[PDB]
Every structure is written in C-alpha cells, then in structure tokens.
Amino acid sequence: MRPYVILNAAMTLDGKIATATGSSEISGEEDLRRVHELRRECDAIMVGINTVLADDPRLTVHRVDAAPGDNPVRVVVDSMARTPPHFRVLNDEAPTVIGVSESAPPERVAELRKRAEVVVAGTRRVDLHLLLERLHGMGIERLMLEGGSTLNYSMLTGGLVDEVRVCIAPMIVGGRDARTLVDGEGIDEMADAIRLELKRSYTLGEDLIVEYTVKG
C-alpha cells in the first residue's frame, strides 16, 4: 500500500520552481503560511536529495504555531546516501528517514543511521513504490511531496500522487535550463498526459493557488 500523497509547489507563471542558478524565492508570505499549515496536517514530508543539497531546508512547521508533536516525519530520497550529516534536515526538530538504494556506499549509510532511520529500497535508484510501502508501515497515511522537479516526475508517472496544489506567483523568469514544476524524461505526447481535475482556485496575497486531484 502507500500513504495519501499531496504534491505541493510554488512556481512562476512560466512554470519555473528555480532558475538555472538555483534562485527559488517565489512564494509570498501568505503561501508560506499555507505551506506550513499543510505540513502540520500531514504525517510526513518528502523531498529529493537535490533539493536538500541546494536549499539546506529544515522541512518543519515554523511559520505557524506548532504543538510539540506537530512536525511530520522528514523523508529524503537519496539513492547514494549524499545527505550531509551536518545539514538541517538531520537536526533534532523531528524524526528523519533517508531512502537510499542498495548501491549507496556502506560508509555513508552508517553515518546517516546515527542521525536518521535509513530505508534501503531499489538497486541503484530509489524504488519509490517500496519506500512508500515502508513509510505506510511506519503509520504514515498522509504525505506531503515538496519536490523537486525530478522527484515530482517519478512520483507522478509512478501513479503515487493523489493531489496537486500549486502556488502560481505573478512573475516570469524564463530560462531553457530553469527547473520547472515537473522535469524528468517527460511524456512524449500531449494525448498521454497525466490528467487532473481542478477542485479549487483562490488568491492568497499576490499569489494564485490552484488545487487539483489526479484523475485515476
């Protein structure tokens, strides 16, 4: 089985979540609160290793009032155990899980096990199906997927996403090499696109929030 999965993101109108140089300040203050409230509501947050290396995020509830138990499990998708042992995601604010592949150097895995629960799943790339099974077995029923574009693609095409919520900021940056909402290999034909259904749209500060379910 697997938890229920909400993909949440912030993007520019032209669909970018970061520039080629990694600049990613997009959301207004209100959206950031929305995000932290949603964190409060979930059992776990999931990000890819590339996001962790780029942003060194806390991935906790800190922009809204939080009870001592409110921080969800932090989950990093990290095939070669590259999460720096010093980085904030391994701090003491909340439990952390690192999903690694069987190819991960045994020495790096052992260091991570000192600050986290490590789950091995997949040969050389993290098996997201298995990882999600393992998270569900830890009692995680509600997971918030927070990117980046490569993990987003894997999760969507694997049929592992139930909802998509996007903050669309009123700005354009362009860039053929900027990260978009969803990157990866890509679906070749518009006909074979993943299909969604708009459930809600509303303004929040300067931003436009859109909320969709993924059509089964």
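Note that residue numbering follows the sequence shown and begins at 1.
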- Do the C-alpha atoms of 24-32 or of 166-174 have the higher average B factor in the entry? 24-32
- Using the B-factors recorded in the PDB entry, average over the C-alpha atoms of 40-48 and of 66-74, then report which stretch comes out higher. 66-74
- Message: Using only modelled residues of the chain, where does the Cα B factor of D183 rank: lowest third, middle third or highest third?
- Response: middle
- Message: Where does the C-alpha B-factor of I98 rank in its chain, lowest, middle or highest third?
- Response: middle
- Query: Would the CA B-factor of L145 place it in the lowest, middle or highest third of its chain?
  - Reply: lowest
